[PDB]
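Chemist: Before anything else, here's the structure in question.
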Amino acid sequence: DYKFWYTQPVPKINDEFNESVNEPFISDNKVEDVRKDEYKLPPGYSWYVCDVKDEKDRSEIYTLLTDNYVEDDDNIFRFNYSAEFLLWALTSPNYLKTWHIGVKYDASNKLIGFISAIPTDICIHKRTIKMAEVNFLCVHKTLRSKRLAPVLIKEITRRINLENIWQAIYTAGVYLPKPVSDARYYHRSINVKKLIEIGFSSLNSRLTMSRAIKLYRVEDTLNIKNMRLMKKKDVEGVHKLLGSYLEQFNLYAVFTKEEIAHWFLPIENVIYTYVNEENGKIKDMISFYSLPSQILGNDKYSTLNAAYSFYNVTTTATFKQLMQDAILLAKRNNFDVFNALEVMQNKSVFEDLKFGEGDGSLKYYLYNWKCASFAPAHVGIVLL
Ligand SMILES: CCCCCCCCCCCCCC(=O)CSCCNC(=O)CCNC(=O)[C@H](O)C(C)(C)COP(=O)(O)OP(=O)(O)OC[C@H]1O[C@@H](n2cnc3c(N)ncnc32)[C@H](O)[C@@H]1OP(=O)(O)O
Ligand SMILES: CCCCc1c(C)nc2ccc(OC)cc2c1SCCC#N
Ligand SMILES: [Cl-]
Ligand SMILES: [Mg+2]
């Protein structure tokens, strides 16, 4: 029925727009009209402004998400974003502490809800719009289906609107009104044996355990010999390389130099970026972020370490060679699996590089924006 979503400036289930439509559902919005009062919570609960740069407030967010965030359909896994990753993801340039919103249960003083946004310039079908990118919406498992999520959504919407921002981008594995694109995930096994032991990958009489380990074996030698961790000096070159590349897509972020530095400069166990520098210019880049999952009730293993493909550009190699080196660099860093979405040029490399098609997909959404939907090959942005 989408009783909450149908109240919002988003497309209906049946809405389809021509390619030339590219505009807000509701235009001419005024900051002066925005409600100044916080949305009402049920009795016994209060808004809390989280300070993500405070280790202890950050750890409270970490706990909530560790225990209560997204699980796969089969409840094998729960994502387990680290505390340091949350710091990185939430404190990009011009972030607002007031857009990192908690809800506490008063009697326990415990965080039971969260939602966040950061500001980003988003180009959709050639129009660049100031938007908020929303993530980490989470209600405690003991408090589900009580309509707390719309309260979280309406309150962050209000706080964003106070900044004269009227559009947002967000992604979800669930279907909501109405995706602008949909991309499946694909997985490249690295630690084949672990993936078999936890019930994720499957063997048969043609594919015995030794055969499966050999199938996924990689040569520890880069196609691009000088690929190396990005350093502060590389910022201008990555900004040039990436920013030019992204302009071919129908949906992408428009990064400033400050944004390049924050999003790509490497941080151990969070973000890995490698570059190939020739005569002081950056000609190729690989990047992936770390996102482990908790393995739910497995006797032997508690964590699956996973790298997620981020942005990758090649000018001196084939896209296949570049991604083969991204898998190698992920293996060198102790990742169990390398995950990517069929966005940008990715789908082309998946069969040859031994990726398997996953079980679900990630839907991309705009809030208060009307445009034609598009195939994921035309998506040029990867959210966290
Ligand atoms: C201009 C600024 C604009 C800013 C804001 C833009 C929009 C930002 C939107 C947020 C983007 C976040 C992106 C993001 O974080 C990445 S997607 C991951 C979201 N988090 C999880 O899945 C965590 C595990 N689950 C939970 O914590 C709860 O199940 C949540 C909190 C998901 C729902 O709590 P609950 O206790 O299960 O449910 P009620 O409180 O009873 O509420 C049910 C209503 O919630 C709608 N719902 C369910 N899942 C949703 C989802 N993933 N997006 C949006 N809406 C979602 C649902 O369709 C229904 O409305 P409907 O009746 O119309 O069908
Ligand atoms: C082994 C392939 C990775 C799949 C995976 C893992 C490890 N954890 C998840 C936790 C939550 C969840 O919510 C839908 C999905 C997963 C998945 S599949 C989607 C992410 C990817 N790739
Ligand atoms: Cl309301
Ligand atoms: Mg609820």
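Chains: A, B, ... in order of the structure tokens. Residues: from 1 per chain. Ligands: from 1, in order shown.
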Mind checking which residues fall within 8 Å of region 120-135 of chain A, counting only C-alpha atoms, ignoring those fewer than 4 positions away in the same chain, and posting them as a count of residues only?

Modeler: 19

Chemist: Mind checking DSSP for region 199-254 of chain A and telling me the strand (DSSP E or B) residues as a list in words?

Modeler: residues 228, 229, 251, 252 and 253 of chain A

Chemist: Give me, as a list in words, all polymer residues having an atom no more than 12 Å from residue 198 (chain A), counting only C-alpha atoms and skipping those fewer than 3 positions away in the same chain.

Modeler: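 Contacts, in chain order: residues 76, 77, 191, 192, 193, 194, 195, 201, 202, 294, 295, 296, 297, 298, 299, 300, 301, 302, 303, 304 and 336 of chain A.
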
Chemist: Can you list, as a ChimeraX atom specification, every protein, DNA or RNA residue that comes within 10 Å of residue 215 (chain A) when you count only C-alpha atoms, leaving out same-chain residues fewer than 4 positions away?

Modeler: /A:189,192,207,209-211,354

Chemist: When you look at residue 89 (chain A) with a cut-off of 9 Å (counting only C-alpha atoms), what residues show up, excluding the ones that are within fewer than 2 positions of it in the same chain? I need them as a PyMOL selection string.

Modeler: chain A and resi 84-87+91-92+118+263+384

Chemist: I need the residues from that last selection saved to file as a short mmCIF file (atom, residue, chain, number, x, y, z; two decimals), in the first residue's frame (with N, CA, C and O atoms), if you can.

Modeler:
```cif
data_model
loop_
_atom_site.label_atom_id
_atom_site.label_comp_id
_atom_site.auth_asym_id
_atom_site.auth_seq_id
_atom_site.Cartn_x
_atom_site.Cartn_y
_atom_site.Cartn_z
N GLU A 84 35.49 3.14 12.66
CA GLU A 84 36.26 4.05 11.82
C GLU A 84 35.68 4.30 10.47
O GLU A 84 35.82 5.42 9.96
N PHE A 85 34.99 3.31 9.88
CA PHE A 85 34.32 3.53 8.63
C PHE A 85 33.19 4.55 8.86
O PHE A 85 32.96 5.46 8.02
N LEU A 86 32.42 4.41 9.94
CA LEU A 86 31.33 5.40 10.19
C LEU A 86 31.89 6.85 10.31
O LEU A 86 31.28 7.79 9.80
N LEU A 87 32.99 7.00 10.98
CA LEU A 87 33.61 8.32 11.01
C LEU A 87 33.89 8.86 9.59
O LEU A 87 33.59 9.99 9.28
N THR A 91 31.76 12.25 7.94
CA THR A 91 32.43 13.53 8.16
C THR A 91 33.14 14.08 6.91
O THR A 91 34.20 14.71 7.01
N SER A 92 32.58 13.77 5.77
CA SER A 92 33.03 14.37 4.51
C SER A 92 32.88 15.90 4.47
O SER A 92 32.20 16.51 5.30
N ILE A 118 24.67 13.27 4.49
CA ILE A 118 25.81 14.19 4.18
C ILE A 118 25.43 14.94 2.92
O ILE A 118 24.67 14.44 2.07
N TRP A 263 37.40 11.19 0.17
CA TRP A 263 36.80 9.90 -0.22
C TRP A 263 37.80 8.86 -0.64
O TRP A 263 37.45 7.66 -0.64
N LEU A 384 27.69 3.97 0.10
CA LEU A 384 28.32 3.06 1.05
C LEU A 384 27.34 2.12 1.71
O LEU A 384 26.13 2.33 1.64
#
```

Chemist: If I take CA of residue 149 (chain A) and CA of residue 369 (chain A), how far is one from the other in Å, to one decimal?

Modeler: 21.1 Å

Chemist: Could you state the separation of CA of residue 37 (chain A) and CA of residue 2 (chain A) in Å, given to one decimal place?

Modeler: 25.5 Å

Chemist: At a cut-off of 8 Å, can you tabulate as CSV every residue of chain A near ligand 1 together with its closest atom pair and the distance in Å to one decimal, using only C-alpha atoms and all ligand atoms and ordering rows by chain then number?

Modeler:
```
residue,atom,partner,partner_atom_place_in_ligand_line,distance
A:1,CA,ligand 1,64 (O),6.3
A:2,CA,ligand 1,63 (O),3.3
A:3,CA,ligand 1,62 (O),4.3
A:4,CA,ligand 1,63 (O),3.4
A:5,CA,ligand 1,63 (O),3.8
A:6,CA,ligand 1,63 (O),6.3
A:7,CA,ligand 1,63 (O),8.0
A:65,CA,ligand 1,23 (C),7.8
A:68,CA,ligand 1,24 (C),5.9
A:69,CA,ligand 1,23 (C),4.0
A:70,CA,ligand 1,24 (C),4.2
A:71,CA,ligand 1,24 (C),7.0
A:113,CA,ligand 1,31 (C),7.7
A:115,CA,ligand 1,15 (O),6.9
A:116,CA,ligand 1,15 (O),7.8
A:117,CA,ligand 1,4 (C),7.7
A:131,CA,ligand 1,1 (C),7.1
A:132,CA,ligand 1,2 (C),6.0
A:133,CA,ligand 1,4 (C),7.8
A:134,CA,ligand 1,13 (C),5.6
A:135,CA,ligand 1,15 (O),3.7
A:136,CA,ligand 1,15 (O),4.0
A:137,CA,ligand 1,15 (O),3.8
A:138,CA,ligand 1,27 (O),3.4
A:139,CA,ligand 1,27 (O),3.9
A:140,CA,ligand 1,27 (O),6.2
A:141,CA,ligand 1,27 (O),6.9
A:143,CA,ligand 1,36 (O),6.2
A:144,CA,ligand 1,36 (O),3.2
A:145,CA,ligand 1,41 (O),3.3
A:146,CA,ligand 1,41 (O),4.4
A:147,CA,ligand 1,41 (O),3.3
A:148,CA,ligand 1,40 (O),3.8
A:149,CA,ligand 1,40 (O),3.6
A:150,CA,ligand 1,42 (O),5.6
A:151,CA,ligand 1,40 (O),7.8
A:153,CA,ligand 1,5 (C),5.5
A:154,CA,ligand 1,5 (C),7.0
A:156,CA,ligand 1,4 (C),5.8
A:157,CA,ligand 1,4 (C),4.0
A:158,CA,ligand 1,2 (C),7.2
A:159,CA,ligand 1,2 (C),8.0
A:160,CA,ligand 1,2 (C),5.3
A:161,CA,ligand 1,1 (C),6.0
A:165,CA,ligand 1,1 (C),5.9
A:166,CA,ligand 1,1 (C),4.0
A:167,CA,ligand 1,1 (C),4.1
A:168,CA,ligand 1,3 (C),4.8
A:169,CA,ligand 1,6 (C),6.7
A:170,CA,ligand 1,13 (C),5.1
A:171,CA,ligand 1,13 (C),5.3
A:172,CA,ligand 1,17 (S),3.8
A:173,CA,ligand 1,17 (S),6.3
A:174,CA,ligand 1,52 (N),6.2
A:176,CA,ligand 1,58 (O),6.2
A:366,CA,ligand 1,6 (C),7.5
A:367,CA,ligand 1,6 (C),5.3
A:368,CA,ligand 1,1 (C),6.8
```

Chemist: Using the selection just defined, write its residues with C-alpha atoms as a PDB file, in the first residue's frame.

Modeler:
```
ATOM      1  CA  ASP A   1       0.000   0.000   0.000  1.00  0.00           C
ATOM      2  CA  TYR A   2       2.961   2.386   0.653  1.00  0.00           C
ATOM      3  CA  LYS A   3       0.840   4.425   3.050  1.00  0.00           C
ATOM      4  CA  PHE A   4       3.875   6.490   4.145  1.00  0.00           C
ATOM      5  CA  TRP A   5       5.689   6.636   0.787  1.00  0.00           C
ATOM      6  CA  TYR A   6       2.603   7.723  -1.133  1.00  0.00           C
ATOM      7  CA  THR A   7       2.501  10.869   1.001  1.00  0.00           C
ATOM      8  CA  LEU A  65      24.247  -1.024  13.787  1.00  0.00           C
ATOM      9  CA  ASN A  68      20.428  -4.253  14.292  1.00  0.00           C
ATOM     10  CA  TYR A  69      21.437  -3.271  10.771  1.00  0.00           C
ATOM     11  CA  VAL A  70      20.746  -5.048   7.405  1.00  0.00           C
ATOM     12  CA  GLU A  71      20.822  -8.845   7.025  1.00  0.00           C
ATOM     13  CA  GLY A 113      17.330   4.503  16.372  1.00  0.00           C
ATOM     14  CA  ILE A 115      19.482   8.067  10.463  1.00  0.00           C
ATOM     15  CA  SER A 116      22.191  10.176   8.680  1.00  0.00           C
ATOM     16  CA  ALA A 117      22.795  12.402   5.763  1.00  0.00           C
ATOM     17  CA  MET A 131      21.459  16.878  -2.473  1.00  0.00           C
ATOM     18  CA  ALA A 132      21.681  14.980   0.721  1.00  0.00           C
ATOM     19  CA  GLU A 133      22.851  11.399   0.552  1.00  0.00           C
ATOM     20  CA  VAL A 134      21.002   9.406   3.279  1.00  0.00           C
ATOM     21  CA  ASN A 135      22.329   6.249   4.925  1.00  0.00           C
ATOM     22  CA  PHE A 136      22.421   4.122   8.016  1.00  0.00           C
ATOM     23  CA  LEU A 137      18.681   4.311   8.809  1.00  0.00           C
ATOM     24  CA  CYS A 138      18.304   1.752  11.601  1.00  0.00           C
ATOM     25  CA  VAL A 139      15.605   0.908  14.227  1.00  0.00           C
ATOM     26  CA  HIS A 140      16.419  -1.527  17.056  1.00  0.00           C
ATOM     27  CA  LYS A 141      15.122  -5.038  16.358  1.00  0.00           C
ATOM     28  CA  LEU A 143      11.033  -1.848  18.072  1.00  0.00           C
ATOM     29  CA  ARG A 144      10.274  -2.808  14.511  1.00  0.00           C
ATOM     30  CA  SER A 145       7.032  -2.187  12.643  1.00  0.00           C
ATOM     31  CA  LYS A 146       6.017   0.635  15.037  1.00  0.00           C
ATOM     32  CA  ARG A 147       6.203   3.297  12.321  1.00  0.00           C
ATOM     33  CA  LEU A 148       9.417   4.827  13.787  1.00  0.00           C
ATOM     34  CA  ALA A 149      11.129   4.804  10.425  1.00  0.00           C
ATOM     35  CA  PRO A 150       8.801   7.466   8.854  1.00  0.00           C
ATOM     36  CA  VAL A 151       9.453   9.651  11.894  1.00  0.00           C
ATOM     37  CA  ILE A 153      12.746  10.036   7.588  1.00  0.00           C
ATOM     38  CA  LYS A 154      10.457  13.077   8.115  1.00  0.00           C
ATOM     39  CA  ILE A 156      15.962  14.288   8.582  1.00  0.00           C
ATOM     40  CA  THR A 157      13.956  15.639   5.639  1.00  0.00           C
ATOM     41  CA  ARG A 158      13.015  18.663   7.774  1.00  0.00           C
ATOM     42  CA  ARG A 159      16.633  19.240   8.902  1.00  0.00           C
ATOM     43  CA  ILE A 160      17.916  18.965   5.327  1.00  0.00           C
ATOM     44  CA  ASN A 161      15.188  21.408   4.053  1.00  0.00           C
ATOM     45  CA  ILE A 165      18.200  21.402   0.100  1.00  0.00           C
ATOM     46  CA  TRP A 166      15.101  19.701  -1.436  1.00  0.00           C
ATOM     47  CA  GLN A 167      16.457  16.494  -3.124  1.00  0.00           C
ATOM     48  CA  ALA A 168      18.162  13.392  -1.740  1.00  0.00           C
ATOM     49  CA  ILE A 169      19.747  10.196  -3.059  1.00  0.00           C
ATOM     50  CA  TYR A 170      19.554   6.839  -1.214  1.00  0.00           C
ATOM     51  CA  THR A 171      19.825   3.123  -1.944  1.00  0.00           C
ATOM     52  CA  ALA A 172      18.145   0.075  -0.424  1.00  0.00           C
ATOM     53  CA  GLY A 173      17.873  -3.623  -1.139  1.00  0.00           C
ATOM     54  CA  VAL A 174      14.146  -3.296  -0.709  1.00  0.00           C
ATOM     55  CA  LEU A 176      10.161   1.244  -2.562  1.00  0.00           C
ATOM     56  CA  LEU A 366      15.909  10.012  -5.672  1.00  0.00           C
ATOM     57  CA  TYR A 367      13.705  12.011  -3.327  1.00  0.00           C
ATOM     58  CA  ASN A 368      11.698  14.816  -4.892  1.00  0.00           C
TER      59      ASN A 368
END
```

Chemist: When distances are computed from only C-alpha atoms, which of A:282, A:10, A:329, A:196 shows the smallest separation from residue 222 (chain A)?

Modeler: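 That would be A:329, the residue with the smallest distance to residue 222 (chain A).
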
Chemist: When you draw a straight line from CA of residue 53 (chain A) to CA of residue 83 (chain A), how long is it in Å?

Modeler: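 Value for the CA of residue 53 (chain A)-CA of residue 83 (chain A) distance: 10.2 Å.
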
Chemist: So which residues of region 32-65 of chain A fall under alpha helix (DSSP H) by DSSP, listed as a VMD selection string?

Modeler: chain A and resid 55 to 65

Chemist: Tell me which protein, DNA and RNA residues are within 12 Å of region 375-379 of chain A, counting only C-alpha atoms, leaving out same-chain ones fewer than 3 positions away, and put them as an MDAnalysis selection string.

Modeler: chainID A and resid 122:125 179:185 246:253 311 341:348 361:365 372 382:383

Chemist: Which polymer residues have any atom within 12 Å of an atom of residue 318 (chain A), counting only C-alpha atoms, with same-chain residues fewer than 4 positions away left out, as number ranges by chain?

Modeler: A: 223-224, 284, 312-314, 322-325, 345, 348-349

Chemist: Restricting the calculation to only C-alpha atoms and all ligand atoms, which member of A:178, A:257, A:78, A:188 is positioned closest to ligand 2?

Modeler: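 Counting only C-alpha atoms and all ligand atoms, the residue closest to ligand 2 is A:78.
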
Chemist: Taking only C-alpha atoms and all ligand atoms into account, name the residue in A:96, A:103, A:265, A:90 that is nearest to ligand 4.

Modeler: A:103

Chemist: Between A:208, A:8, A:287, A:14, which residue has the minimum interatomic distance to residue 26 (chain A), considering only C-alpha atoms?

Modeler: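 So, comparing all the options, the nearest one is A:8.
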
Chemist: Looking at only C-alpha atoms and all ligand atoms, which of A:230, A:155, A:104, A:57 is the one that sits closest to ligand 3?

Modeler: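 Distance minimum relative to ligand 3 lands on A:155.
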
Chemist: Identify which of the residues A:214, A:233, A:56, A:35 lies closest to ligand 3, counting only C-alpha atoms and all ligand atoms when measuring atom-to-atom distances.

Modeler: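 Closest to ligand 3 of all the choices is A:35.
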